[PDB]
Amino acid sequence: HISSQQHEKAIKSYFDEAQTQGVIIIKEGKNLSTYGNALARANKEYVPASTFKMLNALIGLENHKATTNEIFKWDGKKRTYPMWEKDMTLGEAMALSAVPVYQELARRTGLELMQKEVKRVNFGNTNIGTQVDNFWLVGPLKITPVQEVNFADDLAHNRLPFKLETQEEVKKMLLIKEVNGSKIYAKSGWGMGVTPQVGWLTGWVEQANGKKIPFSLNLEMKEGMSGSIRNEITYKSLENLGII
């Protein structure tokens, strides 16, 4: 019996309180609902940043560039984060958002195959340009929050043009939370090498009954913000709406 006015006000306040500008798009069946404090972001293009790991992994697994058990060794060079200075599978690297592992995977795939596959899947503007190892971080690849939630809807329902097994393997890599019988599958993103910086959390809720509710959160990140604000705003929004 809560009014849509009150839901909208609540979710807007979550973005207002974090002192940023963002949107969260929720999909139920075929209907998109846009919430937040900057609704106009819904159809604007931003770099996907680490959300691209989802598709990079699909492409690599489908094209036999890696397996799910393969350990990508740390080369022993210093990394931005100490947590990345270790050997990891694709799944472990998904959870740690270990860019160097996904860069190696992109390089194995190669520019020609990567462009063909990104085009085939129709992801965002589909332009990867000439640099196979950073196109999702600094451009030219861009995508809208609407496109991101539709991608998540496709993956959640095994509708992407990949083998069922490929989709299931990558979805297993994306489980980030269980809340009162609901599972949240998602990938975060933070485009640090663009200005303004973009933050993402794109995924879906799998409810106890098997129903899947895709979402994409998209906001402006500032130097000094905590990455966990993406998760906190998302969980509060999903809870406010009764999705979890």
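One-based numbering along the sequence shown.
**Student:** Mean CA temperature factor from the deposited coordinates, higher in 170-178 or in 84-92?
**Tutor:** It is 170-178.
**Student:** If you average the CA temperature factors as listed in the entry, which stretch comes out higher, 145-153 or 132-140?
**Tutor:** Higher mean C-alpha B-factor: 132-140.
**Student:** Return the residue from 71, 105, 121, 98 that has the highest Cα B-factor in the entry.
**Tutor:** Out of 71, 105, 121, 98, the record gives the largest C-alpha B-factor to 121.
**Student:** Against its chain's modelled residues, does residue 13's Cα B factor rank lowest, middle or highest third?
**Tutor:** Within its chain, residue 13 is a lowest-third residue by C-alpha B-factor, going by the deposited values.
**Student:** Looking at the temperature factor on the CA atom of residue 32, which third of the chain's modelled residues does it land in?
**Tutor:** It belongs to the middle third of the chain when residues are ordered by C-alpha B-factor.
**Student:** Is residue 67 in the lowest, middle or highest third of its chain when residues are ranked by C-alpha B-factor?
**Tutor:** For residue 67, whose C-alpha B-factor we compare with every modelled residue in the chain, the answer is the middle third.
**Student:** Please say which third, lowest, middle or highest, residue 38 falls into when its CA temperature factor is compared across its chain.
**Tutor:** Its C-alpha B-factor, which the entry lists for residue 38, ranks in the lowest third among residues of this chain.
**Student:** Sorting the chain's CA B-factors, does residue 203 end up in the lowest, middle or highest third?
**Tutor:** Lowest third.
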